[PDB]
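This document starts with one chain, in the form deposited without this ligand, laid out as structure tokens.
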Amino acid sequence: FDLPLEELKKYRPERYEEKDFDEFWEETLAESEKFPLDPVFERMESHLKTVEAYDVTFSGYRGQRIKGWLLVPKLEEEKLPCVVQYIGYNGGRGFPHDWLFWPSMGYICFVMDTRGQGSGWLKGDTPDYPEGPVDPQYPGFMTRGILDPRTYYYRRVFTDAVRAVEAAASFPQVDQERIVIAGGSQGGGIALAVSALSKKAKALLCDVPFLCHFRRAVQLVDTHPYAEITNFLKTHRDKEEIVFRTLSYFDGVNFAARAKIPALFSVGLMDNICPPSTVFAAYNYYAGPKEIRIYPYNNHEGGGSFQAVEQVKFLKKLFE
């Protein structure tokens, strides 16, 4: 349904960002750095036997305390590599045993809970906090605070996510040379923002990323969650320029252009949640060394368990 693959490979649409994109993010991170990280780990009583699980609490946007899990595989090596895992839309940190893959492959896993979500497919424990008034919005998180980038929901999520990497680095068994940031869909868009904003991330795993090339996305598909934006615009006919102006500060295509760390991307060519031209726009602008795995017959599931193995191989080669 989207551009054919040879056009996708060369798709580099003109980028739109405001003159103060960097300043906005510098100011944001500076203000939140004024609050101590105060990363706290508490070993959980758990039935898990191959992994130690810890409850995590750390300061994200404006000192707000974000939950996480830290999963440490019970192995002989002193320092371990670490994957910081961001969660898809309407998910949350769930139970420790929901996140066994990376530890089973020998990596400490830091799972960041997602402020205010945690109610669609996997439970969460972290609340959101708005700046002040909660403006008229369409149901969901995509239009929460959308009339100003200072009030926009993903400002708070992305800052949480940058601080999560510092929180992971605070665990002494983490090898700070081998901290990976990872996610799919919303998780992928979060990780992409982190890949540009974090000083500590060493590699990026970015699967079927959401939060990319918003203007084209709402023109291309009527699926959720991009359709929250479209539905808002159907009602607020006077706010089109403001909406896209705000979203430009959160668009993965704009972060991709600033990111320098090694990355592995994936894309499903039949994905109508995260359309491939949106994924390719981010991938093609990504400034660091990069590869993409292309799944021509998959929808939003992308490469699934095949991709998981591709990721393990990729990291092993990068870090060897």
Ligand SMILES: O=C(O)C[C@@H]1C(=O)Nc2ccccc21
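So that there is no doubt, residue numbering starts at 1 and follows the sequence shown.
From this point on, the text means the form solved in complex with this ligand, which you will not see here.
Heavy atoms of every residue among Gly88, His224 and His300 are located within 4.5 Å of this ligand in the bound PDB entry.
Contact annotation for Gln186: at least one heavy atom lies within 4.5 Å of this ligand in the bound PDB entry.
Heavy atoms of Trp121 reach within 4.5 Å of this ligand in the bound PDB entry, making it an interface residue.
Screening 178 to 186, 192 to 200, 96 to 104, 243 to 251 for residues having heavy atoms within 4.5 Å of this ligand in the bound PDB entry returns a single hit, 178 to 186.
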